[PDB]
Structures are given as structure tokens and as C-alpha cells.
Ligand SMILES: [Zn+2]
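Below, the structure is given as C-alpha cells:
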């Protein structure tokens, strides 16, 4: 099994988008060969709230697109900023909800223990990200964040 506890503090997220994001992350969990039951939470917030969360939890007084908090396997929490995701979606040329899904996938891989702070880690983690997105059908280069 795989359950996402979703929350949307903005009222912007459509019900169809929750399903699209959950289906992508469930596919990723299977591609990662995680057989156990897993659970996680995804919360959508506006730019004022993401800055406050970034300030108090990361000592970064600034807006950002996604924050992941790593801890049935309980994987932790992903927080996504709708304001930033909408602008990044415009810059990459896919929809708001596609960008929400990409940021959720990125956070999910972080919760599994991947990181990209070194070149070797980045190659491993973006290699998995690209492979999952391609296997799901998201093969256009900018759906990978050109990455
Ligand atoms: Zn990251």
C-alpha cells in the first residue's frame, strides 16, 4: 500500500491533481522496488507560509519551491509552495499541476535518502529521477527540469 496525506492551505489544488500526484509517486515507489507499505504527507502552501516555514525550520528567511523533512514505513513530509510552482511551471513550459508533481517526486526521492549536494550523489539521484519520469511517459527534456 501507499498513502499520501494531502493538505492544501491555498485552495488552488484541484481534486484531479491530487490523483495525478499520488499516481506518479506510487509509480516511483514501485520503480524503487519498495515492497513495504509506505506513507507520507504533501502540503501545499503560499509564498508567505513557505517563507515562515523555511525561516523557523531551516533558518532560511526566504521563499522556496519545495522543502522535504525526512524521518508502514513513515517517510516524512514534503511542503510545496504554490506561488513558486506556478512561476516555475511557466518558465519550464508545462502546467502548474505538472510542476507540483515534479516537485513532489523530487521531495519523495529526498525522503528515500537520495541527495544531490555532491556531483556523485546528484548523478545517482537525477539518474533515478530521469529514469522514473521517462518510464512514466514524461520524456520531454524540460519535464526533467533540463536535468
Ligand atoms: Zn533537492
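Numbering (the entry's author numbering), first residue to last: 1 to 71, 86 to 161.
From the three backbone atoms N, C-alpha and C, an ideal C-beta is built for every residue, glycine too.
Count the other CB atoms within 10 Å of the CB of residue i; is the residue buried (16 or more) or exposed (fewer)?
| i | result |
| --- | --- |
| residue 35 | exposed |
| residue 29 | buried |
| residue 55 | exposed |
| residue 176 | The first residue shown for the chain is 1 and the last is 161, placing residue 176 beyond what the model contains. |
| residue 131 | exposed |
| residue 151 | exposed |
| residue 38 | buried |
Would you list the residues sitting across from residue i in a DSSP beta bridge?
| i | result |
| --- | --- |
| residue 42 | 6 and 92 |
| residue 87 | 38 |
Tell me the residue span of the alpha helix (DSSP H) that contains residue i.
| i | result |
| --- | --- |
| residue 67 | Note, residue 67: premise wrong, no alpha helix (DSSP H); beta strand (DSSP E) at 66-70. |
| residue 15 | 15-31 |
| residue 47 | 47-58 |
Checklist entry - Hey, which unbroken runs of the alpha helix (DSSP H) at 4 residues or more fall wholly within the segment 105-159? => result Listed in chain order, they are 110-125 and 133-149.
Item to check | Cβ pair count under 8 Å reaching 3, the segment 127-139 against the segment 105-113 | outcome: Taking 8 Å as the limit for Cβ pairs, the verdict is that the segment 105-113 does not touch the segment 127-139.
Checklist entry - Would the segment 113-120 and the segment 92-100 be scored as touching if the rule is three or more Cβ pairs under 8 Å? => result Contact between the segment 113-120 and the segment 92-100 is present, because at least three Cβ pairs lie under 8 Å.
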